[PDB]
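Report on the structure given below.
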Amino acid sequence: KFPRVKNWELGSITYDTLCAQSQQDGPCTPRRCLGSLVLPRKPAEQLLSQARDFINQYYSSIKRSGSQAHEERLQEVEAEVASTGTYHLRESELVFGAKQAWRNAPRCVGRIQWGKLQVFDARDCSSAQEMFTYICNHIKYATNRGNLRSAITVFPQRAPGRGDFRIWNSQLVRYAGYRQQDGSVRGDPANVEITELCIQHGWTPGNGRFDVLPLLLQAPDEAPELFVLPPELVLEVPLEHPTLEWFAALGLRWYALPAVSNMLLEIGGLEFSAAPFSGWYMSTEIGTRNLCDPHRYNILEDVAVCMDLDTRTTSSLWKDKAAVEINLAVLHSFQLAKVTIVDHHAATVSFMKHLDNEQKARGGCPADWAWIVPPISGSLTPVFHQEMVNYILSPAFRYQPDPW
Amino acid sequence: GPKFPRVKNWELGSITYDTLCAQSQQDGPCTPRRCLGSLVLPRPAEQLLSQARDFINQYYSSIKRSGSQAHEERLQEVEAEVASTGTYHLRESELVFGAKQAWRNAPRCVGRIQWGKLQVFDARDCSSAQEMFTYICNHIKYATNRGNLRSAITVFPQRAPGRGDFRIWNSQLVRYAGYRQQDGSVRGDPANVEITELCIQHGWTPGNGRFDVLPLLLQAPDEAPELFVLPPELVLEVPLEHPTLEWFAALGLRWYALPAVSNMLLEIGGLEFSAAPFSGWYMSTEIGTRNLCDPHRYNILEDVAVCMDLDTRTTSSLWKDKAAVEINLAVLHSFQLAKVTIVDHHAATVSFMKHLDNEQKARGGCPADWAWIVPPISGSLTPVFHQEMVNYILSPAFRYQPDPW
Ligand code: HEM
Ligand code: HEM
Ligand SMILES: Cc1cc(CCNCc2ccc3c(C)cc(N)nc3c2)ccc1C#N
Ligand SMILES: Cc1cc(CCNCc2ccc3c(C)cc(N)nc3c2)ccc1C#N
Ligand SMILES: C[C@H](O)[C@H](O)[C@H]1CNc2nc(N)[nH]c(=O)c2N1
Ligand SMILES: C[C@H](O)[C@H](O)[C@H]1CNc2nc(N)[nH]c(=O)c2N1
Ligand SMILES: [Zn+2]
């Protein structure tokens, strides 16, 4: 049947009926539940049916379903696909698809914002070099002297029997991670592979802990070229703690723009293999994960030491204590630097309203509970106590293999 | 590769495959098109024989006598019993085996490293509500062990064909009362309101503290539940205090030492033990974060926060976070002071990683509910956050059942 969804702090109950229109399978079956898995294990009128749907969405979107602006566009798509085994989106259909993709993304806690999205059409792109300029202008628009702005840039759709446009980096801004022969890593351990790929394509590596990587940009069926971001573009914030004055002296810093460049944007059967998008950070992304994750910069113990805590045992909650001070120093710094950012408390509160908006508009909202609940203070936020239904709506952002 | 789920740990990069879920014979909440893993409660001699046979097989396999003559004789023995009396009965050691298995098979339990060490008390002879109370008193004494807590379960008679069930009406053996106020608010534990008013409807003389231990509502077959009050010295409590905040002690917060669930059904070989309370010991965050800081429980976060002189009028002061940490600290500190068994959420999840590693070798996987295994604070600061998990129902099982009223 149709799932009962309950908030356990409030006592309220909904019914997700939007899930009924899920056309692709998630990882689960009745026998096993694989909801905690980060990545998934894995003719022509399948395309044509995917594209019919998306068009129906778009015209229902702009109130005028079943007109003939509608049904003519239906015949365009059908005709185009019938003759070429593919078709093309009109720019405004693309702006719609891009907003629907964000709206539909079960893992995003920021979809209250989903309507306010700047879409740059960059399909008139024929080279790595053009790709670079597009990206450079994405970042300046999006960074916006620190008053950040949600933005996506969309490079040419994939094509049968032609390579893909790809951005090799996982994010537009990331820090180099140089493996030390001595087991260790200087910089961000999440970026070792790509760091070396850069080096491999002739980047002159630094030896810093927060060195900004260059971009490997790749036009179809050509070697990836390498581009170095004008240092002006990369807005960084130094971290410092509003009361702990030794904190600033930890040399910690984080870039301001969260822009993801390795996912696939799927609209109406069409796949866009380079379509980087960006927003602003939630504090816990920087302060809990990027800095305290054991397989990341992993600074819990350092801070703990300067906080003169009891590292000797876990039941002193030294880790917990350290973490809170880091998250505070990240909110402090960004606020003091006037760079946009949101705390996990503010974010999940707004997501709860989004849930309510969504429930009334579409009868539901696909959400991945494990990703929607922040990495600290789990039950201290309202989304913890909220049941969620998860499913794949299209348009959709997706994971795809790395181009090497 | 393998036709089984591939499971990865993102901290260590390590990979496993769950082969044990192939023996999950009962379907859960999710389907290919919808995941329902966040839901707390998703909704004949024929059928008995199957479950029966399966369990006996598990058993003889656990004692490495699978396909032996004792094995095939047990199966005939059960078939015979089911054939005449519609039901069948477990041997002592079968029961013990099943009880430990049901614990072992429990996805939401982070304490399962210990699953092999479980005192099973057989109360299948128990024949009155009066006797239920005595067994339950006995359990609490043994399990509490003056603060050196010991895990245990007590098993009262199984559901019988056309005969009322043994039921303990209370959710736990120890629960603080919830009193609906003249205002609308609740004094004490809002969770326990319904049971609290039921105690009263059944004759309890209610107090009015924040921490009034409820009486037991104990129901023998086809009899109205009878009220039983627990002798206060049997119910060990811990006065919460903070190692450096001297004022914390003044808040008069206490919690009881023994988590003991009394309303779950225990199922083995298709046999239903409607009343089979079991107990372990607390993990720090259960008390400090859920029970004391949940908006819909004692809700003391803002109060602690105000005492801490925090900016409770901005989310970004992380005043909620600062106070949550110190409340958990106070819980840990206080139980350690009182010499009462308690495990912090760090050390607990670390033990569970070892259990996972053990279960991988022993069975080919471990059924696990990620959202219940990850602590309610400091989530990613524990190893289990970075551990993918597979959730499926194995039997023997601890199940939920409707409230008897
Ligand atoms: C405007 C401010 C935004 C905030 C505060 C925000 C917040 C978040 C957070 C906390 C996550 C979890 C990611 C993680 O823990 O690694 C996430 C993921 C995600 N967000 Fe948002 N987001 C924002 C804007 C956007 C925009 C503009 C888009 C797309 C146009 C978007 C689409 C997504 C998608 C597709 C994911 C899944 C990430 C993945 O699986 O790699 N979000 N977001
Ligand atoms: C020995 C120390 C133990 C610890 C630290 C422990 C810890 C926990 C925790 C933290 C939960 C989460 C419950 C919640 O937040 O509501 C839980 C659940 C559970 N535990 Fe354990 N536990 C222990 C012993 C046991 C024992 C002895 C049994 C059974 C014989 C057991 C069976 C279960 C079951 C069935 C659940 C699921 C609760 C539900 O589904 O409502 N646990 N445990
Ligand atoms: C290692 C890994 C990591 C991730 C991380 C998820 N993506 C991070 C992300 C992606 C987009 C964001 C956006 C759009 C905004 C924001 N504040 N944070 C965002 C954070 C996903 C898959 C894998 C894999 N494999
Ligand atoms: C109201 C409610 C509450 C719960 C709580 C789950 N049971 C709590 C529990 C049960 C057994 C435990 C055990 C055995 C040990 C321990 N440390 N904590 C334990 C905690 C589950 C479902 C519902 C519902 N509906
Ligand atoms: C294994 C686990 O599912 C995985 O680490 C998830 C858990 N929840 C998460 N939640 C968010 N927001 N981001 C993440 O990367 C993860 N990782
Ligand atoms: C809605 C959500 O599933 C609910 O709050 C769950 C989350 N995880 C939990 N985890 C544990 N251990 N205990 C709980 O009661 C819950 N509640
Ligand atoms: Zn699932």
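Indices start at 1 and increase along the chain as displayed.
Technique stated in the header: X-ray crystallography, 2.5 Å.
Note: Cβ is positioned from N, Cα and C throughout, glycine not excepted.
Per Swiss-Prot, the feature Zn(2+) binding site maps to A:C28, A:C33; the stated evidence is similarity to another entry. If you look up Swiss-Prot, you'll see A:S36, A:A370, A:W371, A:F384 marked as (6R)-L-erythro-5,6,7,8-tetrahydrobiopterin binding site, on the strength of similarity to another entry. Taken from Swiss-Prot, the feature heme b binding site covers A:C108, A:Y399. Residues annotated as L-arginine binding site in Swiss-Prot: A:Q171, A:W280, A:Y281, A:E285, A:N290.
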Neighbour count (Cβ, 10 Å) for A:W371 ((6R)-L-erythro-5,6,7,8-tetrahydrobiopterin binding site): 17
Members of the binding-site residues set A:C108, A:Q171, A:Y399 whose C-beta sits under 8 angstroms from chain B: none
Close-lying binding-site residues around ligand 5 among A:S36, A:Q171, A:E285, A:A370, A:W371, where CB distance stays under 6 Å: A:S36, A:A370, A:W371
Residue pair A:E285 (L-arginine binding site), A:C108 (heme b binding site) - Cα distance, angstrom, rounded: 12
For A:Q171 (L-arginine binding site), the one of A:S36, A:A370, A:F384, A:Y399 that lies nearest, given that the binding-site residues are compared by Cα: A:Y399
Binding-site residues whose CB lies under 6 angstroms from ligand 1, from A:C28, A:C108, A:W280: A:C108, A:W280
Neighbours of A:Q171, A:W280, A:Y281, A:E285, A:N290 excl. site residues, C-beta within 8 Å of centre, L-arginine: A:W254, A:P258, A:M282, A:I286
Candidate with the highest Cβ count within 10 Å, taken from the binding-site residues A:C28, A:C33, A:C108, A:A370: A:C33
Collapsed DSSP category at A:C28 (Zn(2+) binding site): coil
Deposited-model gap closure distance - 10 residues unmodelled, Cα of A:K42 to Cα of A:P43, Å: 19
Three-class DSSP secondary structure - A:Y281 (L-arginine binding site): strand
Inter-residue C-alpha distance, A:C33 (Zn(2+) binding site) and A:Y281 (L-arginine binding site) (nearest angstrom): 30
In sequence order, those binding-site residues of A:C28, A:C33, A:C108, A:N290, A:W371, A:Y399 whose CB lies under 6 Å from ligand 7: A:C28, A:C33
Length of the line joining the Cα atoms of A:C28 (Zn(2+) binding site) and A:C108 (heme b binding site), in Å: 20
